[PDB]
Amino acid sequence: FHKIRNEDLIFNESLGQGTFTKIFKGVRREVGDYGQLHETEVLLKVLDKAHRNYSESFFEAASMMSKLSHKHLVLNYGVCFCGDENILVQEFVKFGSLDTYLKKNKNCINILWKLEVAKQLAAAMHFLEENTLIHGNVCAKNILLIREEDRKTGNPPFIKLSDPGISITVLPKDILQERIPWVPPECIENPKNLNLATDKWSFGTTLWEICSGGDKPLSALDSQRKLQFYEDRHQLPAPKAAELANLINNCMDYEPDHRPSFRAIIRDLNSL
């Protein structure tokens, strides 16, 4: 990872949190194209000091994906270790995460907008699958909205998938249970079951988020009830905008071996 000088990074407002992390907006002073100096807005992910035991998984999460370049994958700028802190520096967007965007703009987002964003997420996932790279935490909170729909130019919305954060293979059981239904049943049985098939299930859950205006599936269920949901082999309810209901259920197949390839997912989205 590129090491960003302490003097070149400034912390601004708190934006939220991730698993064992605090997230901030920041500013980075950098030499850019043609030697032009820029003050670039950045997203700062800071690992909690109390959870330093996860530093390897925290950085490995961003490192493996940073080795790849794709139009729908987040840009990583580097790391900063100012005051012994573990800080990930990534690109910043004013529009925030997809989950909050869906909720704030629920009355203005139609089926074509949802289909476009689903195709883009499926494109990123197909790229990762072709590279045999497991993501392991596909969800709308981990997706950034780069550009809003622009009807004046006919430009569609544009998204990028960010890194998965600390791996479910090292997280406490209680966190994984809270993550149902993004975490598939086989990973609840054993987190060592993390596989490319995991991402097909989580993509199904993320598509449900996209179709539900930022509602969180099973948010009314506590962890014990979330376990019962899997025990009784339930399926998520069809979203009110049900055009993608069949695809969500086909992805969220209790048999990991039967989950369709991302190439088949793209062809299904293209046939809508």
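Numbers for residues come from their place in the sequence shown, where the first is 1.
| request: May I ask you to compare 234-242 and 22-30 by their mean CA B factor in the entry and name the higher one? | output: The deposited B-factors put 234-242 ahead on the C-alpha mean.
| request: With reference to the PDB entry, specify whether the mean Cα temperature factor is higher for 199-207 or for 46-54. | output: Comparing 199-207 with 46-54, the higher mean C-alpha B-factor belongs to 46-54.
| said: Sorting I166, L102, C108, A118 by Cα temperature factor from the record, which one lands on top? | reply: Highest C-alpha B-factor among the listed options: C108.
| query | Taking the entry's C-alpha B-factors for this chain, is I175 in the lowest, middle or highest third? | reply | Answer is highest: the recorded C-alpha B-factor places it there.
| said: Which third, lowest, middle or highest, does the C-alpha temperature factor of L9 belong to within its own chain? | reply: It falls in the top third of the chain.
| task | Tell me, lowest, middle or highest third: where does the Cα B factor of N193 rank within its chain? | result | Middle third, going by the recorded CA B-factors of the chain.
| message | Quick check on the deposited entry: does the C-alpha B-factor of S162 sit in the lowest, middle or highest third of its chain? | response | Ranked within chain, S162 CA B lands in the lowest tercile.
| said: Can you tell me whether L221 has a C-alpha B-factor in the lowest, middle or highest third compared with the other modelled residues of the same chain? | reply: Answer is middle: the recorded C-alpha B-factor places it there.
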